[PDB]
Amino acid sequence: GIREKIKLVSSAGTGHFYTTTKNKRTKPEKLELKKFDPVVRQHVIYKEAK
Amino acid sequence: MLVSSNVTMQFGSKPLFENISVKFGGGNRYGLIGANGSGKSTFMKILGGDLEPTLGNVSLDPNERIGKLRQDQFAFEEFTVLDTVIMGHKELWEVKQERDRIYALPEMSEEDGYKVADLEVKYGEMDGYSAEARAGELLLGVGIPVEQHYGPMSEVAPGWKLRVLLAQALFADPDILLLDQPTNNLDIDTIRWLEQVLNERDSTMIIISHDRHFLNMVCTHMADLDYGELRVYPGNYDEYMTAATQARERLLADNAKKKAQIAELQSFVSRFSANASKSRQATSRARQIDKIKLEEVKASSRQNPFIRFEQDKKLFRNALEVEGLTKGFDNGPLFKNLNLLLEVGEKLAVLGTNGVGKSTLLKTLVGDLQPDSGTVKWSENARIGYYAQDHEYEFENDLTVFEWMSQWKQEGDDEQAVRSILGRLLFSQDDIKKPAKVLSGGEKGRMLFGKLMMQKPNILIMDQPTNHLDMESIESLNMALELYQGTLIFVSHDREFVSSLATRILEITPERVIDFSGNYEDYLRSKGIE
Amino acid sequence: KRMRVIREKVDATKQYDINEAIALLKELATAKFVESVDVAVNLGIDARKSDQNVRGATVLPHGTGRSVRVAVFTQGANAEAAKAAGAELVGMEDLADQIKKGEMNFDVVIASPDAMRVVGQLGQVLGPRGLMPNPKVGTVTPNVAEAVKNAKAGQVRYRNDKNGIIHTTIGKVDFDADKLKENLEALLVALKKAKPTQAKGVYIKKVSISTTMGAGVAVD
RNA sequence: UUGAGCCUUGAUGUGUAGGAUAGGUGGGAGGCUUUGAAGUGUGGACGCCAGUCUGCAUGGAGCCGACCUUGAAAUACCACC
Ligand SMILES: Nc1ncnc2c1ncn2[C@@H]1O[C@H](COP(=O)(O)OP(=O)(O)OP(=O)(O)O)[C@@H](O)[C@H]1O
Ligand SMILES: Nc1ncnc2c1ncn2[C@@H]1O[C@H](COP(=O)(O)OP(=O)(O)OP(=O)(O)O)[C@@H](O)[C@H]1O
Ligand code: NA
Ligand code: NA
């Protein structure tokens, strides 16, 4: 509805992304969560893009 | 062709503009008009490449260069004028940064012999020899002294130092030019020069402005930033006006026709569709209303601020009396022994034309002490409202917008009043949570009116009250300030405002001070200039 | 005048032969002079990009027919080796700054990677005429003695105009035809080798050979 | 009648500071003008209006580079644009 989809692209250099939904009215800035990257097998930072 | 794809910038809660995808360039000049709070400057610094957009991308050929006019004055105060006007061509300036840095340490070893020896060929092929004297007779075209433009950037008086930044924009022979608010708070003759020079070179300038004249002189296409989209109308300012008006009016007429033939159809559907033996005669129309489907209409971003100034406690007889007026800083006394008296209800139009004390007299009157004038005096119950041309200092603070407005809620005004005084100014609770120092020039100016409302002052002072403001927020002032019963002293640099608002005229000539009663029309007839 | 009567003597649209064109040049040369003849080739490139520029230097097989008083800007061992190289300059900090302060210029600039006096002493004059040494042009080289041959043997330099046309002297009108032929051919071949990578289209769009005062014609 | 493009030909592209409306190269530095001049007899076009371009010639056989202040040099002249 109002909460639409974004993807958290990996900042470990590879092509990997988790998918989540974010309320774009209240939060206008990106998401920054440390999430597991299985290609490199370590916890890197995961910025959002689309 | 510099191209942009699906930018969709979101600032706080609502996108100023979404999924814009458009090509630019080709050697044309594009205006960038829009409503005062429409994020056009944000789009401009997205296009240049300063800040990354929320979505999408902007691609320009790496060799082709951009030249953007930045407002960061005295960001170059450390070094001199003739190189700060050159450093706007970044590719040839790092050349000097390396040439004058490698040399110093002794000596030119066998890595110097090939890192700096063929560094000067960069100088040659970027035309570094003809750098100052090609920028010299550009700073002179602007008017930054004539031969004195040198020494520390603090040497040039901060009154008009930003003309160096303006001349920095087009020195580099740039293909892309992105001058942003080029001639705000500026004079007329140098504007004439800029209008004539901009279209001499063959570039692809994107120009953002609000005056009709500049856009018509130096434009070939126009872009809007209305309804969250930029659609390019070829032509001029008047051409855009007529095109936009005609298209919106035809849309609001197509809407009327669709509404009429939908309402008539729905009448039949409501009459039928429940009849026991004629029910199936509404279903050839129930499916036809499903095929008219009037197109989405989006609220126009123009709007009108309901500005209304109201006095608190009115006064009588003399508003002020000033005698002794004499003050000068470097050149000498700008005005010597100026005597004037203002009855209540008077309106003054004290215009100066770029550096005659046109603002420092107002600063003295509101209070900026140590003049030779010992007989400046206000009325007794006087309450003063001040609009200085520098809105930066009042917003050098991390206060949110609403709480910043809440510095002066008078005894009787609540959250409801302090927030309705900005809701009246079409500011949204959407934007009520943002820090103060992030608003545009026109938005800051209108917030200053939202502060002038609170104090309910019987004296108003305005120093170029209209700057970076669009047409509508100047029309609201023209139709609201004229219905103000208290004293008014202002200086509008433009012409129509003073000709339609003035009651008395008082200008500081570079050697003396004039005075005249009667509006700017009668003053123009007295002068002899039409 | 002469140029209202030879305008009909020379045709512009017609492309002449290599030998016939130089014969026409020799038959059009009238004014008393050595009349160093030149050639301008329209290289097909865009000057708006630095990567496509053609800055070069090559030695002609016959020579230009004139000598240049190249100044050796060196010091130390480098400035001492050039003394016996048959040059016309001395490399030192004083002889560069003060000596060249009033002096106009030399034909070429000696390579001075050993000293530290011939770096920026040129200033407005040493760079406005393009007299600074460069690595691509070979002016700034470590072998001063070897570069003496290029300085004295006719190390012709060439740089693009802001459009993309390279013109340089190919000899004098006193030179013979079978010598001017190979002289032009050597420079043309050097340009072909020096051609950059991303030079789209055909690079040699015209070869206009001419004299100082005569006419200018195409050859191919 | 006129648009679009190309070859050719010819004009125009000054502040300062300098003789003076110097486009970049760079060939050269002594060449242009008397199968009829610098200046004079005289129109129009352009123009930041100070000045350039232009029928011929009674008279005509003499003007421009070196110096110079400039980032750079000069219709001394041609070239490719
Ligand atoms: N940090 C921020 N957070 C939220 N919104 C912001 C921020 N900075 C700017 N904005 C918004 O972005 C828009 C900026 O508009 P813009 O600067 O283009 O205005 P303008 O007056 O037309 O331009 P200008 O006066 O700069 O020429 C406004 O809606 C403003 O509220
Ligand atoms: N503190 C100061 N120090 C030095 N010079 C100053 C100072 N204040 C003003 N001046 C100079 O004195 C003159 C007064 O200019 P002023 O500040 O009145 O601006 P204005 O161009 O007349 O108007 P406005 O500020 O309204 O745009 C200007 O030449 C300015 O440079
Ligand atoms: Na802005
Ligand atoms: Na000002």
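Residue 1 is the first one shown; counting continues down the chain.
Note: Cβ is positioned from N, Cα and C throughout, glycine not excepted.
Here Swiss-Prot flags C:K100, C:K149, C:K181, C:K192 as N6-succinyllysine, drawing on experimental evidence.
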Among the modified residues C:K100, C:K149, C:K181, C:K192, the one whose Cβ has the most other Cβ atoms within 10 Å is C:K100
Integer Å value for the Cα distance linking C:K149 (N6-succinyllysine) with C:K100 (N6-succinyllysine) is 23
C:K192 (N6-succinyllysine) sits from C:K100 (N6-succinyllysine) (Cα to Cα, rounded, in Å) at a distance of 37
Quick note, C:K192 (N6-succinyllysine) and C:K181 (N6-succinyllysine): C-alpha atoms separated, nearest Å, by 16
